[PDB]
Each structure stands twice: as structure tokens, then as C-alpha cells.
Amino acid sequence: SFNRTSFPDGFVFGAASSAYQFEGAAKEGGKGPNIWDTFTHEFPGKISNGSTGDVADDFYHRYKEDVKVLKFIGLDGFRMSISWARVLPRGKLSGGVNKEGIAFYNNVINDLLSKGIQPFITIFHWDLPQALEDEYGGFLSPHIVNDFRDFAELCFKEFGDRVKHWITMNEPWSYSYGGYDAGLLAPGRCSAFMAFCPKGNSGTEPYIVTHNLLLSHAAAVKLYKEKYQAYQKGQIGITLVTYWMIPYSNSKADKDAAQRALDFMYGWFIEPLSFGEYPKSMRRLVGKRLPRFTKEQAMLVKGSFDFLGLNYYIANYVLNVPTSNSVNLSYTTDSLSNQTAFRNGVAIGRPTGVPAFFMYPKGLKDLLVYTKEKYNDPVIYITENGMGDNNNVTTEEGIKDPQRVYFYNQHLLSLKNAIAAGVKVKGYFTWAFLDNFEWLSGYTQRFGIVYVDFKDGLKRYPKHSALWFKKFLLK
């Protein structure tokens, strides 16, 4: 049977989570407010069912039992994030450290390590303290960099003796696009012509924010390398998400469109991280709306990772979009490309419970080989991979998830192929550990290998996928 022995010795298999999506205790334990507390409460129409992460999975209180479930599955690693406003309630270091917040993360880490599970810790998973958003507009401002650095340093100082894998941030594409182009994610900003957000500019702010995300990342990495890595002996990277782009047709127009789509989503980050420069297509199409790295900034950002985390979910077909005389100016329309999961009406792969998301396991290897070939064979972790069910069956039926067993079998086979093609993948994390608060989708989508019965006291039930993973892991 297909099992972990097919993967390199010491390969890390894990499951993933994040703080706002799992913890709850949003106003407890000394925690201060973050932009997702604010967003979910002030824009309920932007979350399915007007849900919040006020309680989520209550991982804050239930972590001891959840860590037992991780051990039961037999996982090697666990991805989790630090809630910035839980440890620094006013965002700034001078605003004071919340000892009870530090204590929570220490408790989780110590329990994880006692079970032989390596913590892979994301420093920033979108839950910016409201205090920083209010003071200077969060990642719209160059001021964010040094507050981010202090936050990262707090983490290194308090946890780095035990944590040996750091991720500066998760999916800065999602933060920038979702938060500042489409206004679908906190802090919920977009152009006035969209009649969807009170403030913003979809044609400028995504580029401003991405620049500052990259600079904040780079500052944290520099600090880790110079002050902590030699003694703590850990590794630091960053997690990027991209869809794999397939040309809608064999035309040059569609081939080019597919690459532009990949440039704007993926290259936007990985080309600065690899080359110290933005993609040529973005320089060309976005022009002076796209910030330039100074010589010093380029040197700081280029090479600023020990490993690359990749989140992979889907592939899309891409169509060329001709220029117009009608300027709905936005990051989204800048790429002159249109993504669709359908060619001639037929989906790109097996359906899932999520309408836009189809199964395309080939695209994981395709992405990995592309990354190897373009960005100098980096060390890679698959930091997220998974699928969602719709939340409208019973607990007993929700636990039976052969479609997710299928999903993981196919993607791990594809991952095995990528490794055999020479891609330096060192680990793999399922999104998600638990069914959780899936941002704008609230609790309508279930990505977990463990079922959470939100209607019955948040009870945990391992799904068939979790039991399959347990068998796969020889545990």
C-alpha cells in the first residue's frame, strides 16, 4: 500500500492551522483586537452567514485535546500561527507584551514537542492588530516594517529555543489582493467605483501593500539570520500561494495570458525573493504604480529565505483579455488575463465542495518543477494542500470523506513524482487539521481531516482521511 516509505527519510508530514481561524478566545486572555475581529463584526455581509472567529474551534482552550489528536494521526509537524494582538495587544512593542498570550503559545509548543511534533510557526497570518491599522494604515505604511520586525523578534526570543522552523507570513498575495483589490478580506479596502468598501484604491494599494509585505518579511529574515539562527539553529522561510495556470487554448495570446496570470499572482513575490526585482510583465503593464526596490532593498529581499513554503490547491484555465478604452483600474485587470475552471463548459478536474475548486493533482508537480527550474532549485515545503466539503450533511456523513482520501492519494502521488524529478521538497502539510473559520466562507466549507461539530459543542471526530493518513504514516 501507498505509505510514507515512498518519501525521503525524515520527510515532514503534518497538518496546518492558523490563529484567527482556530483559536477563538478573541477577547480573552488579555488579547487585543485585530483587523479580522473588526472586519467580521463590521461587515457581516462579507462573511457567509455573518459568522466570526470569536470562538472558531476554541483551540485556545482545547489545545491539549487537539494535540492528542495530532499524535493519534501520527503527524511529524504542525503548522500554526502566532496571533500578533494576543502577544502584543497594542501592536507596538512599546505597547507592552501580554504574558498570558506568550504563555498560551509556550504551552502549545511544549505539548507539541512532548508528542514529537515539530512546530512550524507562521508569524503573520493576516491578523494585524487594529492599533497598527488605525495608527498608520497597517501595511500601507513603511512604519509597518519595524513593528513587524519587533513582533518577529518577540517570537524568536520567546519561542526560538524550541521552534526550529519559522514562516514570516502566509499568502501575502491573499492579503494584498483580498484586502486591497477586491475588498473581500480584512481590512476590506477597494476602489469606490466598486460600491463595496468605504475606502481604498484597487489600482494602487495592492502594489503598495505587497511592497511593504516583502520588506517586512525581509527585515524579519535579516534579524533571524544575524542574531538568532547561529544559536537557535532553525530555518526561516515564507509561504506563497499560487494557482497553476493552463492556457485556455494553444494560441500565443492565451499562452502569454496564462504566464501573465502566474506572473501577477506568483511572480509578484517569488521574483523579488529570487531576483530582487518584480516580474518584467508587471513592470511593463503596471508601470509607475509598481514600486521599485532601491539597491539596498533589492539586496535585502533577494535570497531572503532558507526554504519556500507553497500552498497549492487548484489549477485554472487562462484566457487573454484584450485592452479596452474603459479603465476599471485594478490589480486584477492589470494582467490582461481571465481565469476560469472551465474549458468549453467542462471543468478542469473532479468537483469538490468548493465551487471554484477542482482537483488537478498534475498542477502540483507542474508548479514544483517550474519553481525548481526558474528559481534555482530551492528547498520547498508544501505548507498547504487540501479540499473543502460543503457544510450541509450530518456529522455521521461528514466524517465519511472518501473524496478527500482520493484527493490526498492523488496529490501525494504527484508530490512523489515531483521529488523523483529532483524537486527538493522536505515536507507536506494538510489544510486543514480541523474544520475551521474559512475567512469569507465562514463555516460553510469543511477543509479538515478532523470533523468539528459546531452544532454540538465543537466536538472533534477524525475523518476517514485522517485515519487514512494515520495508516499512510505507519502509525
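From 1 onward, residues are counted along the sequence shown.
Asks: Where do the C-alpha atoms have the higher mean temperature factor in this entry, in 79 to 87 or in 352 to 360?
Replies: For C-alpha atoms only, the mean B-factor is higher in 352 to 360.
Asks: Compare the mean C-alpha B-factor of 310 to 318 with that of 383 to 391 as given in the PDB entry, and name the stretch with the higher value.
Replies: It is 383 to 391.
Asks: Could you check 174, 324, 212, 168 and tell me which one carries the biggest Cα B-factor in the deposited entry?
Replies: 324 has the highest C-alpha B-factor of those listed.
Asks: Specify which of 204, 337, 328, 281 carries the largest Cα B factor in the deposited PDB entry.
Replies: So the option with the highest C-alpha B-factor is 328.
Asks: Could you place residue 433 in the lowest, middle or highest third of its chain by Cα temperature factor, using the values in the record?
Replies: For residue 433, whose C-alpha B-factor we compare with every modelled residue in the chain, the answer is the lowest third.
Asks: Which third of the chain holds residue 239 when residues are ordered by C-alpha B factor: lowest, middle or highest?
Replies: Within its chain, residue 239 is a lowest-third residue by C-alpha B-factor, going by the deposited values.
Asks: Ranked by Cα temperature factor within the chain, is residue 466 in the lowest third, the middle third or the highest third?
Replies: Top third by C-alpha B-factor.
Asks: Compared with the other modelled residues in the chain, in which third is the CA B-factor of residue 247?
Replies: For residue 247, the deposited C-alpha B-factor lands in the middle third.
Asks: Which third of the chain does residue 16 land in by C-alpha B-factor: lowest, middle or highest?
Replies: For residue 16, the deposited C-alpha B-factor lands in the lowest third.
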